[PDB]
Amino acid sequence: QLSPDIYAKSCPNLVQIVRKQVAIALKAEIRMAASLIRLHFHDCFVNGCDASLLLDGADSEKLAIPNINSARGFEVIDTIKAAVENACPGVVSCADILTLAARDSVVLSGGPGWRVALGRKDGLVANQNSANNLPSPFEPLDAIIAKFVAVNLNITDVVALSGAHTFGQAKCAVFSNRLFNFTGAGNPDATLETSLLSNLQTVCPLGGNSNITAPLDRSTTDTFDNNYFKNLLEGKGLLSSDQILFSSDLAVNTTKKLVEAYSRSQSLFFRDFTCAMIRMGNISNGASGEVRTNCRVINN
Ligand code: HEM
Ligand SMILES: N[C@@H](CCC(=O)N[C@@H](CS)C(=O)NCC(=O)O)C(=O)O
Ligand SMILES: [Ca+2]
Ligand SMILES: [Ca+2]
């Protein structure tokens, strides 16, 4: 049972300590705000929000197909954790720190804030197999929805949480297939607006460095706002998994209207986003855990 005051006696200043450290990280690299919330997402969708993703090793989740050469911000988490451990030795879990850092990243980026409930335990093992099953930018909308349903989330959560792509980057490798010969017909993805198509072809030329990135949100790259959804109405979503929320056949009577509603009301988007984040932060696999003192390895 989570509670915002679970550390009221054991670590009174936790919230402030984490906030100050997140602000320091964002000052050094603004993209880190995006990277941190993505870590929380990838943590919660595998063995629950138990910091299993932070564990190193030959069988680490960091090597899973969706995480390798992709997930980032591990050094920043170590720094935050070190500050918290200096202030309250062996008290706060890495799982909670990741949750708080995600919330702070949204807030410091102009997004909505919410009171985080604490008390999560850190897992004892990595689940690389499950991490390979994380949502893919290449799969159909129904497949993405099924992955959210599997962890007790739903369609509304899919659309609202996809809004996190209102900031951050995505490498050429996960969207360049939409730029030249998307289906074998020799044409780019027909749902991609031509001016964006032109800019992306410049960023991702055939045979070039596929690790170069482009902003997920072409209007306000670092500001957390509903501009992500406005992009979709114009066919300017970067990943196929973004644009299908508006343009796919399945979206018509499912996600399409939600995308249009968030575009009309940022307050609505912010309300649903906070709601979905809290729900995602409540995912647990019920396995035994502990308060991990070094996020990269178990205590014993
Ligand atoms: C709905 C299914 C989703 C898919 C298919 C997906 C896919 C992706 C992909 C392929 C990237 C680029 C990775 C890279 O460049 O290596 C990315 C980045 C990102 N995703 Fe998602 N994502 C999804 C959901 C979410 C959710 C639920 C959140 C968090 C609440 C999220 C937050 C992020 C952020 C903020 C970035 C930027 C990371 C950075 O710049 O370091 N994503 N996502
Ligand atoms: N999914 C539940 C509702 C859960 C919920 O409250 N979801 C929030 C978003 S996080 C909402 O406003 N709508 C979701 C929904 O209607 O399912 C249901 O269908 O009764
Ligand atoms: Ca996890
Ligand atoms: Ca934005």
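Per Swiss-Prot, chain A residues shown: 29-328, in order.
Here the Cβ of each residue, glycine as well, is placed from N, Cα and C on the backbone.
Now, the feature entries from Swiss-Prot:
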ACT_SITE  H70  active site, proton acceptor
BINDING   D71, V74, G76, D78, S80  Ca(2+) 1 binding site
BINDING   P163  substrate binding site
BINDING   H193  heme b binding site
BINDING   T194, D245, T248, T251, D253  Ca(2+) 2 binding site
CARBOHYD  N182  N-linked glycosylation site
CARBOHYD  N209  N-linked glycosylation site
CARBOHYD  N239  N-linked glycosylation site
CARBOHYD  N281  N-linked glycosylation site
CARBOHYD  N310  N-linked glycosylation site
MOD_RES   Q29  pyrrolidone carboxylic acid
SITE      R66  site 'Transition state stabilizer'
What three-state secondary structure does DSSP assign to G76 (Ca(2+) 1 binding site)?
strand
When distances run from the Cα of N310 (N-linked glycosylation site) to each of the recorded positions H70, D78, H193, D245, the nearest one:
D78
What are the non-local neighbours of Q29 (pyrrolidone carboxylic acid), defined as same-chain residues 6+ apart in sequence with CB under 8 A from its CB?
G147
Should any of the recorded positions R66, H70, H193, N209 have a Cα within 10 Å of the Cα of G76 (Ca(2+) 1 binding site), which are they?
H70
How big is the gap, in Å, between the Cα of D78 (Ca(2+) 1 binding site) and that of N239 (N-linked glycosylation site), rounded to a whole number?
29
Binding-site residues compared (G76, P163) - highest count of Cβ atoms within 10 Å:
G76
Can you give me the same-chain residues 6 or more apart in sequence from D71 (Ca(2+) 1 binding site) with a CB-CB distance under 8 Å?
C77, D78, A79, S80, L81, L82, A123, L126
